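**Student:** This is upload20.txt (compact mmCIF, C-alpha atoms).
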```txt
# COMPACT_ATOMS: atom_id res chain seq x y z
CA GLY A 1 108.42 8.86 223.10
CA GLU A 2 109.68 12.26 224.32
CA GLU A 3 110.49 10.57 227.68
CA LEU A 4 113.41 8.53 226.26
CA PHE A 5 115.34 11.75 225.48
CA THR A 6 115.42 13.51 228.89
CA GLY A 7 119.07 12.55 229.43
CA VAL A 8 122.23 11.68 227.48
CA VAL A 9 121.56 8.88 224.95
CA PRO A 10 124.28 6.80 223.17
CA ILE A 11 124.28 6.78 219.34
CA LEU A 12 125.31 4.13 216.81
CA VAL A 13 125.54 4.85 213.08
CA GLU A 14 126.38 2.20 210.47
CA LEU A 15 126.53 3.11 206.78
CA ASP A 16 127.15 0.87 203.76
CA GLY A 17 127.79 2.87 200.63
CA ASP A 18 128.48 2.40 196.93
CA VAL A 19 129.70 5.48 195.02
CA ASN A 20 130.87 5.00 191.43
CA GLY A 21 132.11 1.42 191.72
CA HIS A 22 133.80 2.04 195.07
CA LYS A 23 132.14 0.22 197.95
CA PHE A 24 132.71 1.50 201.49
CA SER A 25 131.49 1.42 205.09
CA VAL A 26 131.33 4.02 207.86
CA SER A 27 130.92 3.34 211.58
CA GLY A 28 129.75 6.11 213.88
CA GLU A 29 129.59 6.32 217.66
CA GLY A 30 128.70 9.09 220.06
CA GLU A 31 126.06 10.67 222.26
CA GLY A 32 123.12 13.01 221.90
CA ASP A 33 121.52 15.38 224.39
CA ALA A 34 118.12 16.53 223.09
CA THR A 35 117.57 18.96 226.01
CA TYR A 36 120.37 21.14 224.54
CA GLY A 37 120.08 19.77 220.97
CA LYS A 38 123.71 18.68 221.20
CA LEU A 39 125.33 15.90 219.14
CA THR A 40 128.93 14.69 219.53
CA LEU A 41 129.91 11.95 217.06
CA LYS A 42 133.03 10.24 215.67
CA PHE A 43 132.72 8.65 212.22
CA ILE A 44 135.33 6.16 210.96
CA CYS A 45 135.70 4.65 207.48
CA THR A 46 136.25 0.96 208.25
CA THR A 47 137.10 -0.10 204.68
CA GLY A 48 140.03 2.30 204.28
CA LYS A 49 139.96 5.60 202.37
CA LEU A 50 136.59 7.30 201.81
CA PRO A 51 136.02 7.68 198.00
CA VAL A 52 134.03 10.90 198.57
CA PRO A 53 134.75 13.90 200.85
CA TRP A 54 133.46 13.77 204.46
CA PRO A 55 131.29 16.96 204.15
CA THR A 56 129.17 15.30 201.41
CA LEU A 57 128.16 12.54 203.82
CA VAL A 58 127.23 14.83 206.76
CA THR A 59 123.50 14.92 205.88
CA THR A 60 123.41 11.14 205.21
CA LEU A 61 125.12 10.40 208.55
CA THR A 62 123.08 12.94 210.55
CA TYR A 63 119.53 12.99 209.15
CA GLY A 64 118.89 9.92 211.26
CA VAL A 65 119.79 11.75 214.49
CA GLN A 66 117.30 14.61 213.93
CA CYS A 67 115.56 13.10 216.99
CA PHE A 68 118.13 14.93 219.13
CA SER A 69 116.89 18.33 217.97
CA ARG A 70 115.88 20.70 220.74
CA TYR A 71 112.22 21.49 220.31
CA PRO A 72 111.26 24.59 222.38
CA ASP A 73 108.39 23.88 224.83
CA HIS A 74 105.74 25.78 222.81
CA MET A 75 106.74 23.65 219.78
CA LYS A 76 106.84 20.20 221.45
CA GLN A 77 103.59 19.03 219.79
CA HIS A 78 105.44 19.32 216.46
CA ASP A 79 108.23 16.81 217.27
CA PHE A 80 107.57 13.86 214.95
CA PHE A 81 111.05 12.35 215.42
CA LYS A 82 110.81 11.62 219.16
CA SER A 83 107.13 10.56 218.99
CA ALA A 84 107.96 7.65 216.67
CA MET A 85 110.40 6.21 219.24
CA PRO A 86 111.23 3.39 220.35
CA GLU A 87 109.90 1.70 217.16
CA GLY A 88 111.27 4.49 215.00
CA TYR A 89 111.03 5.31 211.32
CA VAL A 90 112.24 4.34 207.87
CA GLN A 91 113.70 7.33 206.06
CA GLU A 92 114.72 7.96 202.46
CA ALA A 93 116.76 10.81 201.01
CA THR A 94 118.07 12.02 197.69
CA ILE A 95 121.09 14.30 197.85
CA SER A 96 121.46 15.83 194.38
CA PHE A 97 124.69 17.65 193.54
CA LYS A 98 124.33 20.43 190.95
CA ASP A 99 126.12 19.70 187.63
CA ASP A 100 127.13 16.32 189.15
CA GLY A 101 125.65 13.07 190.51
CA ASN A 102 123.29 12.04 193.29
CA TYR A 103 123.18 9.95 196.47
CA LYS A 104 120.11 7.73 196.96
CA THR A 105 119.85 6.85 200.65
CA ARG A 106 117.61 4.72 202.87
CA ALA A 107 117.85 4.39 206.65
CA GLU A 108 116.25 2.55 209.54
CA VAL A 109 116.22 4.67 212.71
CA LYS A 110 115.09 3.06 215.98
CA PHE A 111 116.03 2.25 219.56
CA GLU A 112 118.06 -0.90 220.20
CA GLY A 113 117.96 -1.12 223.98
CA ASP A 114 118.78 2.31 225.42
CA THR A 115 120.75 3.21 222.27
CA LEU A 116 119.56 5.16 219.21
CA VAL A 117 120.66 3.34 216.06
CA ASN A 118 120.92 4.43 212.40
CA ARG A 119 121.36 1.64 209.80
CA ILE A 120 122.00 3.39 206.48
CA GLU A 121 122.48 2.33 202.84
CA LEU A 122 123.80 4.74 200.20
CA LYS A 123 124.00 4.47 196.40
CA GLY A 124 125.94 7.23 194.61
CA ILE A 125 125.36 7.47 190.85
CA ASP A 126 126.43 9.50 187.77
CA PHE A 127 129.34 11.36 189.37
CA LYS A 128 132.03 13.09 187.29
CA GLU A 129 135.65 12.01 187.99
CA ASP A 130 136.70 15.61 187.27
CA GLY A 131 133.96 16.94 189.57
CA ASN A 132 134.12 18.46 193.06
CA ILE A 133 133.02 15.22 194.73
CA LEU A 134 135.16 12.45 193.15
CA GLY A 135 138.02 14.92 192.64
CA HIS A 136 138.04 15.73 196.40
CA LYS A 137 137.92 19.51 195.85
CA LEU A 138 135.78 20.35 198.90
CA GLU A 139 136.97 22.08 202.10
CA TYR A 140 136.73 20.23 205.42
CA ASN A 141 133.88 22.25 206.95
CA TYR A 142 130.08 22.49 206.92
CA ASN A 143 128.05 25.73 206.89
CA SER A 144 125.13 26.53 209.20
CA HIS A 145 121.73 25.91 207.57
CA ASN A 146 118.02 25.22 208.09
CA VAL A 147 116.11 21.94 207.59
CA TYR A 148 112.56 22.77 206.43
CA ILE A 149 109.96 20.25 207.60
CA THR A 150 106.37 19.72 206.40
CA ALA A 151 103.78 17.01 207.21
CA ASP A 152 102.88 14.07 204.94
CA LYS A 153 99.44 12.97 206.25
CA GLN A 154 98.94 10.27 203.58
CA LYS A 155 101.98 8.31 204.77
CA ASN A 156 101.60 9.38 208.45
CA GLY A 157 105.05 10.96 208.41
CA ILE A 158 107.04 13.99 207.30
CA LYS A 159 109.03 15.43 204.42
CA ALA A 160 112.15 17.56 204.79
CA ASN A 161 114.00 19.73 202.28
CA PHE A 162 116.99 22.10 202.22
CA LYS A 163 119.83 23.47 200.09
CA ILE A 164 123.45 22.65 201.01
CA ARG A 165 126.37 24.90 200.01
CA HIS A 166 129.64 22.96 200.04
CA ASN A 167 132.73 25.19 200.05
CA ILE A 168 135.24 24.44 197.24
CA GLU A 169 139.02 25.01 197.57
CA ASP A 170 139.03 27.87 195.00
CA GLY A 171 136.49 29.89 196.99
CA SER A 172 133.42 28.84 194.97
CA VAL A 173 130.50 26.71 196.21
CA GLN A 174 129.11 23.30 195.19
CA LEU A 175 125.32 23.31 195.49
CA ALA A 176 123.33 20.32 196.67
CA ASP A 177 119.69 19.60 197.46
CA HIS A 178 118.56 17.16 200.15
CA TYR A 179 114.97 15.84 199.81
CA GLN A 180 113.93 13.63 202.74
CA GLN A 181 110.86 11.45 203.50
CA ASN A 182 110.15 9.75 206.87
CA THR A 183 107.54 7.02 207.53
CA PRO A 184 106.96 5.30 210.97
CA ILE A 185 107.74 1.60 211.58
CA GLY A 186 105.34 0.96 214.48
CA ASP A 187 101.53 1.06 214.67
CA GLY A 188 101.54 3.69 217.44
CA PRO A 189 100.48 7.38 217.08
CA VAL A 190 102.89 10.04 215.84
CA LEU A 191 102.88 13.84 216.00
CA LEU A 192 102.12 15.40 212.60
CA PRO A 193 103.74 18.89 212.54
CA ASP A 194 102.87 22.23 211.00
CA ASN A 195 105.56 23.83 208.79
CA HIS A 196 108.73 24.60 210.73
CA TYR A 197 112.50 24.26 210.48
CA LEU A 198 115.54 22.95 212.34
CA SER A 199 118.39 25.46 212.70
CA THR A 200 121.69 23.58 212.48
CA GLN A 201 125.34 24.50 213.03
CA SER A 202 128.26 22.10 212.67
CA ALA A 203 131.96 21.93 213.55
CA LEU A 204 134.11 19.34 211.77
CA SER A 205 137.40 18.20 213.29
CA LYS A 206 139.98 15.41 213.46
CA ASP A 207 141.17 13.19 216.34
CA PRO A 208 144.99 13.86 216.49
CA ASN A 209 145.71 10.27 217.60
CA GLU A 210 143.74 8.66 214.72
CA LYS A 211 145.39 7.24 211.58
CA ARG A 212 142.19 5.88 209.97
CA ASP A 213 140.09 8.08 207.63
CA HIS A 214 137.65 9.77 210.02
CA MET A 215 135.39 12.69 210.98
CA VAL A 216 134.66 14.15 214.41
CA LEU A 217 131.41 16.11 214.46
CA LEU A 218 129.90 18.52 216.99
CA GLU A 219 126.40 19.59 215.92
CA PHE A 220 123.71 21.81 217.44
CA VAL A 221 120.14 21.40 216.18
CA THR A 222 117.25 23.62 217.35
CA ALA A 223 113.65 23.71 216.07
CA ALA A 224 112.13 27.10 215.18
CA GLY A 225 109.61 28.82 212.90
CA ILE A 226 106.53 28.55 215.12
```
How does the structure come out when it is put into structure tokens?
**Tutor:**
Amino acid sequence: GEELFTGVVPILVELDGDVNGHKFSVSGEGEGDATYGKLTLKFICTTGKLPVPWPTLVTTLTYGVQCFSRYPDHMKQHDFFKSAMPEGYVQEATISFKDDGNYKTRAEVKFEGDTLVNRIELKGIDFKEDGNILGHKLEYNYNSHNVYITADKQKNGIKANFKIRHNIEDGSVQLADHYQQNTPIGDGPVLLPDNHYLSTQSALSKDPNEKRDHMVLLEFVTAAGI
């Protein structure tokens, strides 16, 4: 499980979304290096313009690559994500935006050959047209935050929760809560962790030679708390 992440592993992310009557698709490619908890990815909207801002989709597009988190040696027995590989896990997440709508997501994370794949489906409901999301009022950045993980022994998986603070153009913040649940696909044994967190930091950029709606992401994820 942990053995498949000793080097640089290619990543494939495919998302099919539906936010307020607007159907879209995002294709992501890149590489992950778990030894340094480094993720370099390029996301492209293949259906045209993204109906929502790119920062709102960061958690949806990256919660599936939490397997590239650097777990310090003394914490390695708490790495659920890598232990479920190659068969992987089915994950679900609800991203609730304060005073606005919510994203209901489901993803299948597994190895397809020597490549880590994320097949995601998103359903965005009850969003205000005058809101920060559909009104595209959010800044093109993503703050550093923690991802709190706890074990779910009944379903042989984990649960993850954290608060997101999206930066609005006027200087204010748009709050959001991400509640995640992971359950293994295969019949093999997984590592059930004690309470800990993943310290994340992200840099959002653009490819100067790209005309399609896109997002280039550099992300560092490190486990801590124990």
**Student:** Using only C-alpha atoms, collect all residues at a distance of at most 12 Å from (105.4, 13.6, 208.7) as written in the file, then present them as a PyMOL selection string.
**Tutor:** chain A and resi 78-84+89-91+148-160+180-184+189-196
**Student:** Kindly provide the residues of region 17-100 of chain A that approach region 114-136 of chain A to within 7 Å, each paired with its closest atom pair and their distance in Å to one decimal, based on all atoms listed in the file, listed by chain and increasing number, as a tab-separated table.
**Tutor:**
```
residue	atom	partner	partner_atom	distance
A:17	CA	A:122	CA	4.4
A:18	CA	A:123	CA	5.0
A:19	CA	A:124	CA	4.2
A:20	CA	A:125	CA	6.1
A:51	CA	A:134	CA	6.9
A:52	CA	A:134	CA	5.7
A:53	CA	A:136	CA	5.8
A:64	CA	A:118	CA	6.0
A:100	CA	A:127	CA	5.4
```
**Student:** Suppose you want the space between CA of residue 29 (chain A) and CA of residue 68 (chain A); what is it in Å?
**Tutor:**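 Taking CA of residue 29 (chain A) and CA of residue 68 (chain A), their separation equals 14.4 Å.
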**Student:** How many Å lie between CA of residue 146 (chain A) and CA of residue 97 (chain A), rounded to one decimal?
**Tutor:**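 Taking CA of residue 146 (chain A) and CA of residue 97 (chain A), their separation equals 17.7 Å.
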**Student:** Could you list, with a cut-off of 12 Å and counting all atoms listed in the file, the residues of region 45-74 of chain A near region 165-171 of chain A, each shown with its nearest atom pair and the distance in Å rounded to one decimal, rows sorted by chain and ascending number, as JSON lines?
**Tutor:**
```
{"residue": "A:53", "atom": "CA", "partner": "A:166", "partner_atom": "CA", "distance": 10.4}
{"residue": "A:54", "atom": "CA", "partner": "A:166", "partner_atom": "CA", "distance": 10.9}
{"residue": "A:55", "atom": "CA", "partner": "A:166", "partner_atom": "CA", "distance": 7.5}
{"residue": "A:56", "atom": "CA", "partner": "A:166", "partner_atom": "CA", "distance": 7.8}
{"residue": "A:57", "atom": "CA", "partner": "A:166", "partner_atom": "CA", "distance": 11.2}
{"residue": "A:58", "atom": "CA", "partner": "A:166", "partner_atom": "CA", "distance": 10.8}
{"residue": "A:59", "atom": "CA", "partner": "A:166", "partner_atom": "CA", "distance": 11.7}
```
**Student:** Output as a tab-separated table one row per residue of region 169-200 of chain A within 7 Å of region 214-224 of chain A: the closest atom pair and its distance in Å to one decimal place, counting all atoms listed in the file, sorted by chain and residue number ascending.
**Tutor:**
```
residue	atom	partner	partner_atom	distance
A:196	CA	A:224	CA	6.1
A:197	CA	A:224	CA	5.5
A:198	CA	A:223	CA	4.3
A:199	CA	A:222	CA	5.1
A:200	CA	A:221	CA	4.6
```
**Student:** What is the CA of residue 44 (chain A) to CA of residue 23 (chain A) distance in Å?
**Tutor:**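 These atoms are spaced 14.7 Å apart.
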**Student:** Residues within 12 Å of (133.3, 17.8, 216.9), file coordinates, counting only C-alpha atoms: what are they? Give the list as a CSV table (one decimal) with C-alpha atoms, in the coordinates of the input.
**Tutor:**
```
chain,number,residue,atom,x,y,z
A,30,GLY,CA,128.7,9.1,220.1
A,31,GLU,CA,126.1,10.7,222.3
A,38,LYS,CA,123.7,18.7,221.2
A,39,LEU,CA,125.3,15.9,219.1
A,40,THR,CA,128.9,14.7,219.5
A,41,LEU,CA,129.9,12.0,217.1
A,42,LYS,CA,133.0,10.2,215.7
A,43,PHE,CA,132.7,8.6,212.2
A,141,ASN,CA,133.9,22.2,207.0
A,142,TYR,CA,130.1,22.5,206.9
A,201,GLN,CA,125.3,24.5,213.0
A,202,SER,CA,128.3,22.1,212.7
A,203,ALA,CA,132.0,21.9,213.6
A,204,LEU,CA,134.1,19.3,211.8
A,205,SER,CA,137.4,18.2,213.3
A,206,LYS,CA,140.0,15.4,213.5
A,207,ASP,CA,141.2,13.2,216.3
A,214,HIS,CA,137.6,9.8,210.0
A,215,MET,CA,135.4,12.7,211.0
A,216,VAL,CA,134.7,14.2,214.4
A,217,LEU,CA,131.4,16.1,214.5
A,218,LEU,CA,129.9,18.5,217.0
A,219,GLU,CA,126.4,19.6,215.9
A,220,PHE,CA,123.7,21.8,217.4
```
**Student:** Neighbours of residue 213 (chain A) within 9 Å (only C-alpha atoms; same-chain residues fewer than 3 positions away dropped), as a PyMOL selection string?
**Tutor:** chain A and resi 43-46+48-50+210
**Student:** So, with all atoms listed in the file as the atoms that count, which of A:16, A:27, A:94, A:187 lies closest to residue 162 (chain A)?
**Tutor:** A:94
**Student:** If we count all atoms listed in the file and set the cut-off at 9 Å, which residues sit around residue 95 (chain A), ignoring sequence neighbours fewer than 3 positions away in its own chain? Please answer as a PyMOL selection string.
**Tutor:** chain A and resi 56+59-60+101-105+176-180
